[PDB]
Amino acid sequence: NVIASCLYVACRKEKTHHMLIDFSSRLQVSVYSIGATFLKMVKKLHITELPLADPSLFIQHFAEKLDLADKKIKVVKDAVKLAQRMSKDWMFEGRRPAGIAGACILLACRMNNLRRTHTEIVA
Amino acid sequence: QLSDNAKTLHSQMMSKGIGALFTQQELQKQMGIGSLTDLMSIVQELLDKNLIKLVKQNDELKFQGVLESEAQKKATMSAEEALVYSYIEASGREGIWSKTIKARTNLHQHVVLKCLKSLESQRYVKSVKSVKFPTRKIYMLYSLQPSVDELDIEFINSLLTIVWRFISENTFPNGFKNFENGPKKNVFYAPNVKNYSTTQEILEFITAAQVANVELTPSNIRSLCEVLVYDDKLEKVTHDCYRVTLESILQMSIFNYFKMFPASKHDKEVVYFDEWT
DNA sequence: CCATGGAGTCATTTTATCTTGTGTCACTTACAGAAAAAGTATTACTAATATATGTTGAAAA
DNA sequence: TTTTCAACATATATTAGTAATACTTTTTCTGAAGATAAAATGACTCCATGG
């Protein structure tokens with residue numbers, strides 16, 4: 001839980017794609033205990049605001065394992081401006097980002113008329 | 001018969017059992033009438049049924065009678081502890097130690113710990129930190145503690161300073177330090193005619209107690225006196241005979257480090273015992 | 001008193017050893033575990049919130 | 001039958017107070033050829049007694 005968050009905030013500040021829920025499954029643990037310890041070392045240190053992630057980053061790496069073909073890049077821009085407006089349309093806030101990202105991907109994918117199941121997305 | 005030869009072969013054990021020296025040869029010494037694989041089938045099962053045991057020493061392998069106390073004990077013990085536990089009590093006196101159980105059991109230190117701690121809750125083995133260095137925690141039976149260890153730590157001189165005071169009185173008459181010469185007045189008459197030790201008498205004087213301890217042997221007393229031979233508080237003459245060096249005066253040009261004090265400020269000309277080295 | 005036996009010293013081999021081996025560019029790439037200390041995670045409480053999550057199941061098509 | 005709801009619930013985080021236990025850490029703390037030599041070889045000789 002210590003080396004976890006200590007490794008975490010870094011790749012957070014660099015604004016890359018890595019995710020706490022993703023970060024735990026290296027262990028049997030709960031994505032709470034890690035989250036708890038994390039948010040505590042936010043108190044015992046004093047840390048800047050910068051690490052605010054958006055789906056616009058995660059949709060890149062999520063798109064990688066989607067298989068498919070070159071079209072996804074098109075889908076990428078199809079998804080991106082989608083999610084962007086979704087952030088603008090005001091129903092983005094206060095939600096676990098990885099989920100709404102996957103939702104955007106399902107949309108643009110269907111927008112590009114392919115068949116990819118929900119399981120295949122949440123994987 | 002399993003139950004019959006079980007109980008009568010337990011009867012030769014509970015009566016005598018040929019002590020600990022009993023090997024399988026003594027079986028044929030008493031009852032050899034049974035066929036080999038049969039008497040051994042029931043030996044094997046009674047050890048499985050924990051009505052007999054086997055000890056590992058010398059030629060062949062030893063057997064002994066065992067009751068349900070330690071039998072239900074070891075059957076209640078885990079498969080880990082199974083060979084471990086009974087192998088531990090093999091010492092029974094001196095105990096055995098951590099890594100030397102690891103090689104014999106062919107386990108890690110990972111697992112042998114938890115079964116030991118299990119035996120700690122069980123309290124059939126106790127942590128013992130012996131004479132040799134306290135890195136050990138050798139383990140003997142929680143019940144028995146015969147061991148090699150006065151004690152190895154302080155309150156030695158506590159009694160030394162007392163015995164010295166008596167030994168002093170044994171030499172010439174008592175202290176007699178007031179004016180220039182009070183001692184001995186030529187040791188009573190003819191100091192030669194007083195031929196005297198302290199030795200054995202110490203033990204009778206040690207009876208005084210006034211301290212928390214047990215008694216002590218003539219042997220260790222001799223060492224107690226050897227120290228004051230080395231400190232040269234007193235003197236070793238003619239075996240157990242002992243005198244004092246008159247260095248009770250040490251209690252209170254020249255030679256006598258005491259009654260002397262250094263200057264040790266300012267002036268740089270002094271005699272150290274270092275700065276040549 | 002003298003030839004002898006025994007040893008003590010003193011050349012003499014044969015084994016165990018170590019320093020060398022032409023020059024110049026031009027790139028290249030202290031062990032492990034033991035114990036003590038510090039600190040913490042539950043372990044209950046409301047108590048508001050608002051997602052996730054599961055299931056299920058009920059309700060509808 | 002399936003789908004949408006719903007709904008039930010339960011974590012999830014704060015701030016506390018305890019108090020006690022258990023549990024991880026950390027921090028001590030020790031149990032290639034030709035000189036050089038070394039030794040076995042052997043002869044020399046002092047020095048022993050005895051017929």
# chains A, B, ... in the order shown; residues from 1 in each chain; ligands from 1
>>> closest_atom_pairs(of="chain B", to="chain D", cutoff="12 Å", atoms="only C-alpha atoms (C1' of nucleotides)", output="JSON lines")
{"residue": "B:132", "atom": "CA", "partner": "D:31", "partner_atom": "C1'", "distance": 11.0}
{"residue": "B:133", "atom": "CA", "partner": "D:31", "partner_atom": "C1'", "distance": 8.7}
{"residue": "B:134", "atom": "CA", "partner": "D:30", "partner_atom": "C1'", "distance": 9.0}
{"residue": "B:135", "atom": "CA", "partner": "D:30", "partner_atom": "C1'", "distance": 7.2}
{"residue": "B:136", "atom": "CA", "partner": "D:31", "partner_atom": "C1'", "distance": 9.7}
>>> write_last_selection(atoms="C-alpha atoms", output="PDB file, in the first residue's frame")
ATOM      1  CA  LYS B 132      26.086 -20.099  25.060  1.00  0.00           C
ATOM      2  CA  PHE B 133      25.243 -16.923  23.223  1.00  0.00           C
ATOM      3  CA  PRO B 134      21.618 -15.699  23.329  1.00  0.00           C
ATOM      4  CA  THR B 135      21.142 -15.991  19.580  1.00  0.00           C
ATOM      5  CA  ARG B 136      19.756 -19.426  20.224  1.00  0.00           C
TER       6      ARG B 136
END
>>> interface_residues(of="chain C", to="chain B", cutoff="12 Å", atoms="only C-alpha atoms (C1' of nucleotides)", output="PDB file with N, CA and C atoms (P, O5', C5', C4', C3', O3' and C1' of nucleotides), in the first residue's frame")
ATOM      1  P    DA C  32      21.269 -14.068   2.685  1.00  0.00           P
ATOM      2  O5'  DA C  32      20.634 -14.204   4.147  1.00  0.00           O
ATOM      3  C5'  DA C  32      20.922 -15.352   4.940  1.00  0.00           C
ATOM      4  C4'  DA C  32      20.228 -15.270   6.288  1.00  0.00           C
ATOM      5  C3'  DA C  32      18.753 -14.872   6.229  1.00  0.00           C
ATOM      6  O3'  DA C  32      17.934 -16.015   6.458  1.00  0.00           O
ATOM      7  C1'  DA C  32      19.937 -13.813   8.042  1.00  0.00           C
ATOM      8  P    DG C  33      16.375 -15.851   6.813  1.00  0.00           P
ATOM      9  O5'  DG C  33      16.369 -15.640   8.397  1.00  0.00           O
ATOM     10  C5'  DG C  33      17.153 -16.492   9.215  1.00  0.00           C
ATOM     11  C4'  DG C  33      17.285 -15.933  10.618  1.00  0.00           C
ATOM     12  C3'  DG C  33      15.965 -15.717  11.365  1.00  0.00           C
ATOM     13  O3'  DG C  33      16.074 -16.250  12.677  1.00  0.00           O
ATOM     14  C1'  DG C  33      17.264 -13.770  11.439  1.00  0.00           C
ATOM     15  P    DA C  34      14.873 -16.095  13.732  1.00  0.00           P
ATOM     16  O5'  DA C  34      15.332 -14.876  14.656  1.00  0.00           O
ATOM     17  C5'  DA C  34      16.457 -15.028  15.506  1.00  0.00           C
ATOM     18  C4'  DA C  34      16.442 -14.001  16.624  1.00  0.00           C
ATOM     19  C3'  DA C  34      15.101 -13.810  17.322  1.00  0.00           C
ATOM     20  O3'  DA C  34      15.328 -13.544  18.695  1.00  0.00           O
ATOM     21  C1'  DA C  34      15.760 -11.780  16.314  1.00  0.00           C
ATOM     22  P    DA C  35      14.109 -13.497  19.738  1.00  0.00           P
ATOM     23  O5'  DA C  35      14.018 -11.960  20.122  1.00  0.00           O
ATOM     24  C5'  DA C  35      15.105 -11.353  20.788  1.00  0.00           C
ATOM     25  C4'  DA C  35      14.946  -9.854  20.801  1.00  0.00           C
ATOM     26  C3'  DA C  35      13.597  -9.358  21.328  1.00  0.00           C
ATOM     27  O3'  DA C  35      13.791  -8.178  22.073  1.00  0.00           O
ATOM     28  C1'  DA C  35      13.954  -8.505  19.205  1.00  0.00           C
TER      29       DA C  35
END
>>> residues_around(residues="stretch 194-208 of chain B", least_positions_apart="6", cutoff="9 Å", atoms="only C-alpha atoms (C1' of nucleotides)", output="PyMOL selection string")
chain B and resi 163+166-167+170-171+187-188+215-218+221-222+225+237+240-243
>>> interface_residues(of="chain A", to="chain D", cutoff="12 Å", atoms="only C-alpha atoms (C1' of nucleotides)", output="NGL selection string")
:A and (1-2 or 30-33 or 35-36 or 39-40)
>>> select_by_dssp(residues="stretch 35-103 of chain A", states="alpha helix (DSSP H)", output="MDAnalysis selection string")
chainID A and resid 35:44 55:64 71:88 97:103
>>> closest_atom_pairs(of="chain C", to="chain A", cutoff="12 Å", atoms="only C-alpha atoms (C1' of nucleotides)", output="Markdown table")
| residue | atom | partner | partner_atom | distance |
| --- | --- | --- | --- | --- |
| C:40 | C1' | A:37 | CA | 10.8 |
| C:41 | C1' | A:33 | CA | 9.6 |
| C:50 | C1' | A:94 | CA | 8.2 |
| C:51 | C1' | A:95 | CA | 6.8 |
| C:52 | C1' | A:96 | CA | 8.8 |
